[PDB]
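See structure below.
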Amino acid sequence: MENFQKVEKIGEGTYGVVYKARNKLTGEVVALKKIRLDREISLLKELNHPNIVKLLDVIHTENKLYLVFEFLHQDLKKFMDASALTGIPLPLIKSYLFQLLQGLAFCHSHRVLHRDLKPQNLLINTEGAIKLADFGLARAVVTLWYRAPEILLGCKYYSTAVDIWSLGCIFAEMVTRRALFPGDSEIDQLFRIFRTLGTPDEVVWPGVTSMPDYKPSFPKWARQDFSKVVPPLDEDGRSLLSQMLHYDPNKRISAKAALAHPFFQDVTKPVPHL
Ligand SMILES: COC(=O)[C@@H](Cc1ccc(O)cc1)NC(=O)c1cc(C(=O)O)c2cc(/C=C/c3ccc(Cl)cc3)ccc2n1
C-alpha cells in the first residue's frame, strides 16, 4: 500500500492497526486498517446507512488484508470527556440514541450484529450524526463495561439483543457522565450488573440457569430501584432504559421497537460544538 499516504496512526489492537490515510489517487481521506494474519465482508460494502461508518473497500494484496472505511474525526468517548464538566445536552443525547437505534435496526435487519459497542467505537461529525464503527469484522486490554449478561455467562449464540444492552449502558453513561457497570473482570462485571438489577433467576430470565458459565452459588442481590440508576432522566427515558437492560434477551426491546418508544416523541437533531 504505497497507494495510501498515511496521515497518522488512528489505533492499534490485537486485530490490526488503523491509519488516517490519503489515497494518493482519489485525494480522498480514509481510515485504513491493516490486519496482520496468522467475500462475506465484501457484501457489506453495498450495505450503507447514514448511521454506520461505511465500508469502502476490502483488499487482499501482497498476502495482506486491508479494510478501508469512511473517515470521521471524533468519537463519542472523546466527546464525553470534553463534555464532562457540562454533560451532553439531553436533546443531543436523545438524538444520538435515536440515530444509534436506527443504525442497529439496519444492521440487525440484515442479520449483522456488532457485539462490542462502546463509546470509543461511535463516531460523530459536525452535522450532528453519530455512526456505528468497529464491527470486529476480522473474525469471519478491552473493556467489559458494555457486555451483555448472556455473553458474560458464556452463551455461544447471542442475538441482536446484545447490542441493545450495550447501547443502554451507553445511554445511561451519556446521561450520568459515569460508566454504568465498570467491572474490572468478567465476574466483577456480572456481579456489578447483579448488584444493581438483581441477580437473575428463571423467573425473569428462563434458561439463565442453563447458560454455560451460570453458577447456582452466584450471590443473590435484590434489585435496586431504577431511580438511582440514571438521575435525572425523565420517566420515558427510564422506561426505555429499563427495557434495554432486560435480563432476558428475548424480552429486551428490539432496535425497531425502541424507535417507537414515547421517549422519542420530541426527538430532534441538535448539532454539537466540536
Ligand atoms: C474509532 O477507532 C476505531 O476503532 C475505528 C478506526 C476508525 C475507522 C473509521 C473512522 O471513520 C474513524 C476511525 N474503527 C475500526 O478500526 C473499524 C473496524 C471494523 C472491523 O470490522 O474490523 C469496522 C467495521 C465496519 C463495518 C461497517 C458495516 C457494518 C454493517 C453493515 Cl450492515 C454495513 C457496514 C465499520 C467500521 C469499522 N471500523
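Positions are given from 1 along the sequence. Order of appearance sets the numbers: ligands from 1, and atoms from 1 within every ligand.
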Would you call the rings of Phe79 and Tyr96 parallel, tilted or perpendicular, where under 30° means parallel and over 60° means perpendicular?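 Perpendicular: the ring planes of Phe79 and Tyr96 meet at over 60°.
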Which label fits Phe264 and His261: parallel for a plane angle under 30°, tilted from 30 to 60°, or perpendicular past 60°?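 Answer is perpendicular, since the angle exceeds 60°.
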d(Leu259 CG, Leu240 CG) to nearest 0.5 Å is 9.5 Å
- Measure the spacing between CG of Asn48 and CZ of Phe106 and express it to the nearest 0.5 Å.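 Spacing of CG (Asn48) from CZ (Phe106) equals 7.0 Å.
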query = Side-chain donor-acceptor pair under 3.5 Å between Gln99 and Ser95, yes or no?
reply =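 Their side chains do contain a donor-acceptor pair, which is all the 3.5 Å distance test asks for.
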Please list every donor-acceptor pair under 3.5 Å in which a side-chain atom of residues 63-70 meets a protein atom from a residue at least two apart or in another chain.
residue, atom, partner, partner atom, Å
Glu70, OE1, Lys54, N, 3.0
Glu70, OE1, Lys131, NZ, 3.4
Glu70, OE2, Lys131, NZ, 2.7

Identify the protein atoms, limited to N or O, that lie within less than 3.5 Å of an N or O atom of ligand 1, and list each pair with its distance to 0.1 Å.
residue, atom, partner, partner atom, Å
ligand 1, 11 (O), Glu70, O, 2.4
ligand 1, 11 (O), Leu72, N, 2.8
ligand 1, 21 (O), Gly136, N, 3.2
ligand 1, 21 (O), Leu137, N, 2.5
ligand 1, 22 (O), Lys33, NZ, 3.1
ligand 1, 22 (O), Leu137, N, 3.4
ligand 1, 38 (N), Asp134, N, 3.1

